[PDB]
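Enquirer:
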Amino acid sequence: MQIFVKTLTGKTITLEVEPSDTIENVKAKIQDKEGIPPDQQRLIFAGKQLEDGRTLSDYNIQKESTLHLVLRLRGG
Amino acid sequence: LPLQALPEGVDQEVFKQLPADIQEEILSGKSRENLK
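Just so you know, the protein sequences line up as chains A and B, in that order.
So the first sequence is numbered by the UniProt record's numbering: it starts at 1 and just counts up by one.
So the second sequence is numbered by the UniProt record's numbering: it starts at 491 and just counts up by one.
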């Protein structure tokens with residue numbers, strides 16, 4: 001099981017998750033793949049932004065469901 | 491909106507993919523991104 005989280009630059013990264021690896025877990029899947037902290041990610045699905053108080057199951061996310069992402073630079 | 495307030499490395503044809511609560515996050519002005 002995995003998904004495809006496309007960035008603000010139109011490029012995607014394959015990531016393994018479960019219906020229990022909620023957004024705070026997913027932020028570690030994207031951090032592991034590039035080094036981007038949970039404090040600078042911004043994850044979206046079906047065109048809305050998920051929350052660290054939900055689950056991937058709360059938003060019916062499944063394998064290959066395709067997601068979207070944005071990032072920041074903290075300020076510098 | 492065109493690149494009228496977007497980052498110096500982004501395009502509306504790849505920023506209209508974001509919710510209205512992120513329209514205000516990229517129209518803010520950023521860096522470390524180049525649509526590539």
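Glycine residues also receive a C-beta, built at the ideal position from the N, C-alpha and C atoms.
Using a Cβ-Cβ cut-off of 8 Å (strictly less than) and excluding sequence neighbours within five positions of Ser521/B, which residues of its own chain qualify?
Expert: Locating residue 521/B in the second sequence gives position 31, where the first residue counts as 1. These residues qualify, in order along the chain: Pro497, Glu498 and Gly499.
Enquirer: Per DSSP, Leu71/A is paired with what?
Expert: Start at 1 with the first residue of the first sequence, and residue 71/A comes out as number 71. For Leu71/A, the beta-bridge partners assigned by DSSP are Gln41/A.
Enquirer: CA-CA distance, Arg74/A and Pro38/A?
Expert: Position 74 of the first sequence, counting from 1, holds the residue named residue 74/A. Position 38 of the first sequence, counting from 1, holds the residue named residue 38/A. Their backbone Cα atoms lie some 11 Å apart in a straight line.
Enquirer: Assuming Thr14/A contacts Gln2/A (C-beta within less than 8 Å), just tell me the rounded distance between them.
Expert: Taking the first sequence and counting its residues from 1, the one referred to as residue 14/A is at position 14. Taking the first sequence and counting its residues from 1, the one referred to as residue 2/A is at position 2. About 5 Å; that satisfies the 8 Å criterion.
Enquirer: Of all the CB atoms in chain B, is at least one closer than 8 Å to the CB of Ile3/A?
Expert: As a first step, residue 3/A must be located in the first sequence, where it is residue number 3. False, the Cβ-Cβ gap to chain B never drops below 8 Å.
Enquirer: Please name the residues in the UniProt domain "Ubiquitin-like" (1-76) of chain A whose beta-carbon is closer than 8 Å to at least one beta-carbon of chain B, in chain order.
Expert: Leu8, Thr9, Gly10, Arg42, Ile44, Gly47, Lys48, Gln49, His68, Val70, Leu71, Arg72 and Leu73
Enquirer: May I have the straight-line CA-CA distance separating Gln502/B from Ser57/A, to the nearest angstrom?
Expert: Numbered from 1 along the second sequence, position 12 holds the residue referred to as residue 502/B. Numbered from 1 along the first sequence, position 57 holds the residue referred to as residue 57/A. For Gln502/B and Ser57/A, the distance between alpha carbons rounds to 31 Å.
Enquirer: Please list, in chain order, the chain A residues whose beta carbon lies closer than 9 Å to that of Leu525/B.
Expert: For the purposes of this step, residue 525/B is taken as residue 35 along the second sequence, with counting starting at 1. Those within 9 Å of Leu525/B in chain A are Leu8, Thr9 and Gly10.
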